[PDB]
Colleague: 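Take this structure, written in structure tokens, and hold onto it; I'll ask about it next.
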Amino acid sequence: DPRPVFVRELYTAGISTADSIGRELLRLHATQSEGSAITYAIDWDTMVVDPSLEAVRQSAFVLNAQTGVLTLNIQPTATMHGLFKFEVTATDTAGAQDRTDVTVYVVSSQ
Ligand SMILES: [Mg+2]
């Protein structure tokens, strides 16, 4: 059954007002037994966010489709609270998929 296999079923990271645009939050990785190249994508239908994050629901992160590197794409502010939760797909050239869960906590700061 040649198909992508994510290394982990859950990836997590914390962001705060101390972070800057471009920070690498985590690196998603799936293996494929036949060496078929993997594309990584956020499933925007799975994106669930704290009400305070509604404005940055679509812009908070970028996922590089080839590297699996998730980057912070906004400057967190003192008015941003709670969690982002979403699913990421790994798709091989034949269209076979795996899924993994991602949680990003907005960490309390002074
Ligand atoms: Mg699976």
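Numbering of ligands and ligand atoms starts at 1, following listing order. Along the sequence shown, residues are numbered consecutively beginning with 1. As a basis for the values below, the full set of heavy atoms in this structure was taken, side chains included, without hydrogen atoms, waters or symmetry mates.
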Colleague: According to the salt bridge (charged side-chain N to carboxylate O under 4.0 Å, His left out) rule, which pairs have a member within residues 51-68, sequence neighbours left out?
Modeller: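 Only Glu54-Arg57 qualify under salt bridge (charged side-chain N to carboxylate O under 4.0 Å, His left out).
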Colleague: Over 60° means perpendicular and under 30° means parallel, so classify the ring planes of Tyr11 and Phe6, tilted if in between.
Modeller: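 Perpendicular, since the angle between the ring planes exceeds 60°.
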Colleague: Test: ring-ring contact (aromatic ring centres under 6.0 Å, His included). Region: residues 46-70. Which pairs qualify, not counting sequence neighbours?
Modeller: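 Sorted result for residues 46-70: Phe61-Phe84, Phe61-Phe86.
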Colleague: Taking C-beta and beyond as the side chain, do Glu34 and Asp92 meet within less than 4.5 Å on heavy atoms?
Modeller: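 Not touching, per the 4.5 Å side-chain cut-off.
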Colleague: Return all side-chain donor-acceptor pairs below 3.5 angstrom for residues 102-110, not counting sequence neighbours, or 'none' if the list is empty.
Modeller:
residue	atom	partner	partner atom	Å
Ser109	OG	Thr17	OG1	2.7

Colleague: If waters are left out, how many protein N/O/S atoms lie within less than 2.8 Å of the Mg ion (ligand 1)?
Modeller: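 Of the protein's nitrogen, oxygen and sulfur atoms, 1 lie under 2.8 Å from the Mg ion (ligand 1).
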Colleague: Under the side-chain hydrogen bond (donor to acceptor under 3.5 Å, both in side chains) criterion, do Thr39 and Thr91 qualify, and how do the steps go?
Modeller: CA-CA 5 Å; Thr39 300; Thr91 310; over 6 Å; no
